[PDB]
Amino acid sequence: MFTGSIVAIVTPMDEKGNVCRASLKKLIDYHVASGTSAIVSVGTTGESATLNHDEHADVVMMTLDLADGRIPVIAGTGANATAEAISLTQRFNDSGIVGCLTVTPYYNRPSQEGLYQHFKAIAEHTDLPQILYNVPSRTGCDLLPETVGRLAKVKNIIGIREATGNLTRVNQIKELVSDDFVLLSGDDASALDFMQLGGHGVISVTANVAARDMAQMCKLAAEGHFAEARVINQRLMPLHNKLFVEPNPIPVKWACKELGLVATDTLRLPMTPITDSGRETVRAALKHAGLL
């Protein structure tokens, strides 16, 4: 399922930075019970950066196992080397995931033609649906609408997580692609505007801690009840902003720990523990949201 509220799930860790199965189970039961549409496993928020490919694969498999068919799982499969992205996709074929979330190469700043060839080749070597992921503030390159339009002609490239926060992109992309191509926000604070403009959902960081409210907001938006959805969005807005007061996923792991959804808020370097002031900011946002 590639519409509605999709959670970019944290990878919960013990004190030693190892994946905590018990916290993961809890998170997954929480999203099943709250009506989250799907789980994105080991994306940015899941600390893809600091897991090796074995741990990455382990987390995804464990996620599917715990999900036990109750919720669709999408694996983060992005890499800045095309051969690496291809190889990582192969690890997940026939695993039971329903699709892949695949980021524009970061750091090496390819041209639009190179992004085209990158994603074309990945899609070529799998039957799994591919969701493109554009986030220029992290990657240093910007996948423009024109190129999204080219890639949408490839059979199994089915959508895009658009994280520019630039809402003019929704209709620039939409007019170049077919009506079954999915447009998903990757910027929590502007996601409802994104959906009001034509977007079909959100791959969300906020959904980690406000799953029910996010699920309902996305359904209201899809039904066109934007004023109703906006009341919810207004109570989540401090969370939408303050979950990035410090680098994601530092605030969201702390929030998960504070709600008792995970055992520890541990991350791997270069991520560092939340500051006292950040705890204060985030706790205030959780309260504004009515979660505490």
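So that there is no doubt, residue numbering starts at 1 and follows the sequence shown.
As listed in the deposited structure, the average C-alpha B-factor of 77 to 85 and of 93 to 101 is greater for 93 to 101. For the pair 172 to 180 and 189 to 197, the mean B factor over Cα atoms is greater in 172 to 180. Annotation for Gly224: C-alpha temperature factor in the lowest third relative to the rest of the modelled chain, per the entry.
The PDB entry assigns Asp29 a C-alpha temperature factor belonging to the lowest third of its chain's modelled residues.
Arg212: CA B factor lies in the lowest third for its chain, per the PDB record.
For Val282, the recorded CA B-factor ranks within the highest third of the chain. Only modelled residues enter the ranking. Among all modelled residues in this chain, the alpha-carbon of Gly69 has a temperature factor (C-alpha) in the highest third.
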